[PDB]
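Let me begin by presenting the structure, written as structure tokens, before commenting on it.
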Amino acid sequence: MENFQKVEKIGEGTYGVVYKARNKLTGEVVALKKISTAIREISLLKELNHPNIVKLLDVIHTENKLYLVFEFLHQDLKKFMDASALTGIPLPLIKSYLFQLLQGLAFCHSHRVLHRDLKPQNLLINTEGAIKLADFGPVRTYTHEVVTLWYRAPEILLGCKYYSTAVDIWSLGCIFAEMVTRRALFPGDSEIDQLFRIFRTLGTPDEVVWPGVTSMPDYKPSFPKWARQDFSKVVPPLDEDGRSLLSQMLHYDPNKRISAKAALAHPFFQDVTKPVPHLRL
Ligand SMILES: COc1ccc(F)cc1-c1ccnc2[nH]c(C3=CCN([C@H]4CC[C@H](CC(=O)O)CC4)CC3)cc12
């Protein structure tokens, strides 16, 4: 740790604080997260190297603290969306970012690694048009964030403890809808409000669309029964290729939900390109 100099605080989580830091004996600018089974599960993340995954450079265990050293990126997608809120991110750039994240997930998922907590703030962007997955899934000062449950898959909210890679596809579908509309798809402020916001839009799930849903640990037969609203209302003015892909990413049944690998073949990406975003750093 004596090999690093703090420059500023760049973030916070339930169990850690993140700083922008400088490596004294290499000159590298990194992001440093300060926090036996964990030491091994995080050492496996060091081998999960892909152009669309923020590089985990090192793991340092020093005097009852764990430090994670990552490659530094200047902006996150949440800030870029907040900065593009009045104009909207151009469709070619939304498509490029979605494609790149599906490539990163196809990679993680093939190595049996789930992210579990995809949200705009852990999607980092650079000046080259790249987007990368960060912070693969207590400090008393951590401030509760409005967006915390907004991207949670319904199986997680329904108490499934052995959920699959499909939970990441759900979170990315929510992010895709948000880039298009400039508003959060399911802005829930509690587990039940999050569940009911999903139900209000996609219809209350039942055994027809999600076999086994009524046997989930937190499923209650007393949940109000909302009709599925027609999908053209959910992400206007996104085209039919985009709406079709999004509907597949938001299927209730995790087994019907499109995989990252199949999503890359979707006709929506036939004209995918890699535009350069305009970033003000
Ligand atoms: C999500 O990423 C992580 C999570 C855990 C972790 F351990 C490391 C990383 C991580 C890895 C690599 N590179 C990174 N870069 C960054 C940020 C760079 C600048 N962001 C800005 C500051 C200014 C704000 C506006 C204002 O406050 O005025 C608008 C947002 C914050 C986040 C975080 C981060």
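When a residue number appears, it is its place in the shown sequence, counting from 1. As a basis for the values below, the full set of heavy atoms in this structure was taken, side chains included, without hydrogen atoms, waters or symmetry mates. As the structure lists them, so they are numbered: ligands from 1, and atoms in each ligand from 1.
The contact set between ligand 1 and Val18, taken as ligand atoms under 4.0 Å from a residue heavy atom, comprises 5 (C), 6 (C), 7 (F), 8 (C). Each of the atoms 29 (C) of ligand 1 lies under 4.0 Å from some heavy atom of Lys79. Of all atoms in ligand 1, numbered sequentially from 1 with element shown, those under 4.0 Å from a heavy atom of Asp135 are 4 (C), 5 (C). Taking every heavy atom of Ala31 and a limit of under 4.0 angstrom, the matching atoms of ligand 1 come to 10 (C), 11 (C), 12 (C), 13 (N). If you number the atoms of ligand 1 from 1 as listed, the ones under 4.0 Å from a heavy atom of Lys33 come out as 7 (F). Heavy-atom contacts of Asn122 reach the following atoms of ligand 1: 1 (C) (cutoff under 4.0 Å).
Taking 4.5 Å as the limit, some side-chain heavy atom of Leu32 sits within range of a side-chain heavy atom of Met1.
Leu56 and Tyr67 fall into different hydrophobic clusters, where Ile, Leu, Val, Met, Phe, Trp and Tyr are joined by side-chain heavy atoms under 4.5 Å apart, directly or via other members.
Within a 4.0 Å radius of atom 23 (C) of ligand 1, the protein has no heavy atom. For atom 4 (C) of ligand 1, the nearest protein heavy atom lies closer than 4.0 Å. For atom 34 (C) of ligand 1, a protein heavy-atom neighbour is found at a distance under 4.0 Å. Within a 4.0 Å radius of atom 27 (O) of ligand 1, the protein contributes no non-hydrogen atoms.
Across every non-hydrogen atom of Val147 and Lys78, the tightest pair is CG1-CE, 4.3 Å. Nearest heavy-atom pair across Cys108 and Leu48 is SG-CD2, 3.7 Å.
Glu71 O, 3.0 Å is the protein heavy atom nearest to atom 12 (C) of ligand 1. Annotation: atom 30 (C) of ligand 1 to nearest protein heavy atom, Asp76 OD2, 3.4 Å. The nearest protein atom to atom 19 (C) of ligand 1, hydrogens excluded, is given as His74 O, 3.3 Å; this is a heavy-atom distance. In terms of protein heavy-atom proximity, atom 15 (N) of ligand 1 is nearest to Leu73 O, 2.8 Å. Of all protein heavy atoms, the one lying nearest to atom 31 (C) of ligand 1 is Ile10 O, 3.2 Å. Considering only non-hydrogen protein atoms, atom 1 (C) of ligand 1 sits nearest to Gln121 O, 3.0 Å.
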Point to revise | Audit row: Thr201, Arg197, side chain to side chain donor-acceptor pair (under 3.5 Å) steps and yes/no | key: CA-CA 7 Å; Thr201 293; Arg197 280 176 179 269; over 6 Å; no
**Study point:** Chi angles and distances behind the side chain to side chain donor-acceptor pair (under 3.5 Å) call for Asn52, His50
**Key:** CA-CA 5 Å; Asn52 301 288; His50 180 94; 3.2 Å; yes
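Contacts of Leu68 with ligand 1, taken as heavy-atom pairs under 4.0 Å, are absent altogether.
Between the side chain of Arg22 and the main chain of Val29, no donor-acceptor pair closer than 3.5 Å is present.
Side-chain N/O atoms of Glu240 and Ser244 include no donor and acceptor closer than 3.5 Å.
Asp271 has a carboxylate O that lies under 4.0 Å from a charged side-chain N of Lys95, or vice versa, which qualifies the two as a salt bridge. Between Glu155 and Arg257, at least one side-chain N (NZ, or NE/NH1/NH2) sits under 4.0 Å from a carboxylate O, which counts as a salt bridge.
Tested against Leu98, the residues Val180, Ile131, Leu245, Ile175 include a single side chain to side chain contact (heavy atoms under 4.5 Å, CB included) partner, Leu245.
Residue contacts with ligand 1: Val54 is placed with no nitrogen or oxygen under 3.5 Å of a nitrogen or oxygen of the ligand (distance criterion only).
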